Amino acid sequence: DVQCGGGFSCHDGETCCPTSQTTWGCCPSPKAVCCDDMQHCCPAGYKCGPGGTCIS
(Lines give C-alpha, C1' and ligand atoms only; values in the text may rest on other atoms or scores of the structure.)
Protein backbone atom coordinates (compact mmCIF):
# COMPACT_ATOMS: atom_id res chain seq x y z
CA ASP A 1 0.00 0.00 0.00
CA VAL A 2 0.96 3.66 0.37
CA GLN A 3 2.68 4.81 3.57
CA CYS A 4 1.18 8.12 4.70
CA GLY A 5 4.43 8.83 6.51
CA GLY A 6 5.21 6.85 9.63
CA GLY A 7 1.73 6.48 11.08
CA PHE A 8 -1.29 6.03 8.82
CA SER A 9 -1.78 4.32 5.47
CA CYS A 10 -4.16 4.30 2.50
CA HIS A 11 -5.13 2.07 -0.43
CA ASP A 12 -3.87 2.23 -4.01
CA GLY A 13 -5.12 5.32 -5.79
CA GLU A 14 -5.63 7.18 -2.52
CA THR A 15 -3.71 10.15 -1.12
CA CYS A 16 -2.42 10.88 2.38
CA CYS A 17 -3.29 14.37 3.61
CA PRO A 18 -1.94 15.69 6.95
CA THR A 19 -4.87 17.93 7.90
CA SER A 20 -3.81 17.37 11.52
CA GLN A 21 -0.73 16.77 13.67
CA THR A 22 -1.20 13.08 14.45
CA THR A 23 -4.06 12.24 12.08
CA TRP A 24 -4.10 11.40 8.37
CA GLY A 25 -6.96 11.63 5.90
CA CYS A 26 -7.58 9.62 2.73
CA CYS A 27 -8.20 11.84 -0.31
CA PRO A 28 -8.44 11.32 -4.11
CA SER A 29 -6.02 12.48 -6.82
CA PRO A 30 -2.24 11.96 -6.22
CA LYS A 31 -1.14 15.59 -6.67
CA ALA A 32 -4.37 16.76 -5.04
CA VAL A 33 -4.34 19.81 -2.75
CA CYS A 34 -5.55 19.13 0.79
CA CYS A 35 -7.66 22.07 1.95
CA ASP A 36 -6.13 23.11 5.27
CA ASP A 37 -8.48 26.03 6.00
CA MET A 38 -10.84 23.53 7.59
CA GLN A 39 -10.86 19.86 6.57
CA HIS A 40 -10.82 19.17 2.83
CA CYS A 41 -8.94 18.45 -0.39
CA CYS A 42 -9.32 19.00 -4.14
CA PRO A 43 -8.13 17.23 -7.34
CA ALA A 44 -4.66 18.17 -8.55
CA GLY A 45 -5.10 21.41 -10.45
CA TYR A 46 -7.81 23.09 -8.39
CA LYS A 47 -7.68 25.68 -5.60
CA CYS A 48 -9.72 26.25 -2.44
CA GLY A 49 -11.96 29.31 -2.58
CA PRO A 50 -14.08 31.22 0.00
CA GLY A 51 -17.19 29.74 -1.58
CA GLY A 52 -16.65 26.52 0.33
CA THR A 53 -15.89 24.86 -3.00
CA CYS A 54 -12.83 24.63 -5.25
CA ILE A 55 -12.06 26.58 -8.42
CA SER A 56 -9.65 26.30 -11.35
# chains A, B, ... in the order shown; residues from 1 in each chain; ligands from 1
call {"tool": "select_by_dssp", "arguments": {"residues": "chain A", "states": "strand (DSSP E or B)", "output": "list in words"}}
result
residues 2, 3, 9, 10, 15, 16, 17, 25, 26, 27, 33, 42, 47, 48, 54 and 55 of chain A
call {"tool": "residues_around", "arguments": {"residues": "region 12-29 of chain A", "least_positions_apart": "3", "cutoff": "10 Å", "atoms": "only C-alpha atoms", "output": "count of residues only"}}
result
22
